[PDB]
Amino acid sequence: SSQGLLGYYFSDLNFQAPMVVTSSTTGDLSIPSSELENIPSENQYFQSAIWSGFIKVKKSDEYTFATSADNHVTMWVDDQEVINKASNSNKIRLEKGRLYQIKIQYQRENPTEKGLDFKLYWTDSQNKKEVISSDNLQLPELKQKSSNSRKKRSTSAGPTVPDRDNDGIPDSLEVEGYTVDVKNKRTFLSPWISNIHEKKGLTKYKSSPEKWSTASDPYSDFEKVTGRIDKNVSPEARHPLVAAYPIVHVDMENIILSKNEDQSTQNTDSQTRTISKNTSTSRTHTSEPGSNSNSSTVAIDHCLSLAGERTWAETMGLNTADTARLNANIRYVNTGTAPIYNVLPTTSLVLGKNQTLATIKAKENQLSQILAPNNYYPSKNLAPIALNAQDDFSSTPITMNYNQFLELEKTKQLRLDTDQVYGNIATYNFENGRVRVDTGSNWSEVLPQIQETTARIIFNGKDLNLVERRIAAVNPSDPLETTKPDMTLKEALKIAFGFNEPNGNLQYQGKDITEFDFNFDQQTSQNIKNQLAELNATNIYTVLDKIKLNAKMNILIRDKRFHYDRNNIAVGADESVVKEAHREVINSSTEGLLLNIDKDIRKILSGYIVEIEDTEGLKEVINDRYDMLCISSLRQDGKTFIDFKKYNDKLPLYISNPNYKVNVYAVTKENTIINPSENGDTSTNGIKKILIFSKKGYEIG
């Protein structure tokens, strides 16, 4: 269905102005005028055409070839002319299971009809003539190398359409602009024409005529735009200027810490003294010069979980000579644009700056499923992976000494560093129109080139999580890379992250571009500064369509509402923003508050502090402990309930005097205390908080 001969249909007589490039599954190479909706009526007159591919016969025999227009045709089989401007009774011997190159040229001057009616026939030794069936025809080998059976070029005999990189798109289209439309089981590739195509919201493609994959990834410019590609490749990466590659990090969902058994004690009969905590993990990005790395950071729940106020050591019965042990549930997350099939990258679990506690490895070539873009492994509908799986007798214990365990308690942070070892690639095969994992093709052979020739943009507009995309961009000092289209910052945002501009205003899902900030590494910053100076522009937001990207730039774009740590994780926001987000209150009572809170805002709140203030202005903190601030919960109707009773002995607030104020403060992640202070103080004293509700008792009820 994606198989057959590849056809180039030209408006001119000499193979110079290609109007349509498309394939035909059978020897019916026609394009009826009804399919020429996206081309000007006057260009719908085709004066020449070239078809190429292979024929493979099901039975050896002598065949005679013929077309609908033998007087206008020259046809070559494996460099031999079989038709030369006249009908031929000549018979050529073809052997079963063998592949023969086919090239056909057609020239007509002043056709009176639009489109082209053209059929390729053959007749066997028994005088049975028919249009060549689909099972006999194959596409040209539009790859960077030949196969054992199929040569990547066509015989030098006759017309050669300029296709320097052999992807199947003519040089001239790649440079001047093209578009793709599907009509009737077929994809038509045609020249971009402003006054027909723009108003259809069709995409204008450009790509390098000298790079088979303009983004230096493993899928050709032609494969991408015609859908001859792994269906799991992200939609944005079907654009020849957007890189298709995996990006993998590890998400830890929860953790369990125990005391490690010892040679010395025979007693294994004891009471459970484990510590189980939920964990929150985010993919990170650091200002580290030239990082091309996968890392994530793990936050261990500091909310009150166990009785008393003991230290972890006390809870577990851990003394200074004992060792502790860690287990966890994790999943792999592909935030990139291409799938992984037969490997999973290796990961270091790290305490502090550089204390590696474990190496996490999956079994090579034994994946239970694909790891697809915007997805997880295992998929969310399945159980996650345990670091020490139940009856895995080969799983190395994750062990900590007493000081490390104490360090974990203090920081309540782990880091997961994941390498870029992603295994083999599923590529399109022009012989059978199938996509299959190619064991001779490895992501390790592709990543460096992608990283080297693209501009990287990292954007958190989607749920405040960091998403990286890479866009093909000129490298002024690399001749080949100068053959690629100019890429503007505006265009990059459109194609890589789906920004649009419905009213001449660049937006991401309703949010104006000005709601996001720009952050550049040193080189990128100097480059853009220089560009702005040349434009005599003082404000980047007003010249996004004039800023050009170059290979190796790094750009980070974040939602301005938030404060960010060094990992570019959102950890706070302005008092103003936080107050506004709680301002609209549904219900209030002695039991709690009922609120409607922005989904992103909630991400940066770690808790709430509830306090009653008497008339002399003295305050009584109801939940007065650093670990008692998680009193909010999200209801299944999406509202947030801040619950006063939770840490008030399950009792509604008692308000002695209706002139007393009930104040509720919000605490952001960056201001959260996760351990007692060194004086041992567990109180909320000194905690930086934001007043978000203050009502006298009688305004409350």
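Residue indices: 1-based, along the sequence shown.
- Of the two segments, 677 to 685 and 5 to 13, the one listed with the higher mean B-factor is 677 to 685 (C-alpha atoms only).
- Just going by the entry, 310 to 318 versus 354 to 362 on mean CA temperature factor gives the higher value to 310 to 318.
- In this structure the maximum Cα B-factor among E481, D78, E174, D624 is found at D78.
- Take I229, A157, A455, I528 and read off each C-alpha B-factor from the entry; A157 has the highest.
- Per the deposited record, the Cα B-factor of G592 falls in the highest third when ranked against the other modelled residues of its chain.
- In this PDB entry, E109 carries a Cα temperature factor that places it within the highest third of its chain's modelled residues.
- For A69, the recorded CA temperature factor ranks within the middle third of the chain's modelled residues.
- When the CA B factors of the chain's modelled residues are split into thirds, the value for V664 lands in the middle one.
- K206 sits in the lowest third of its chain by CA B factor, as recorded in the PDB entry.
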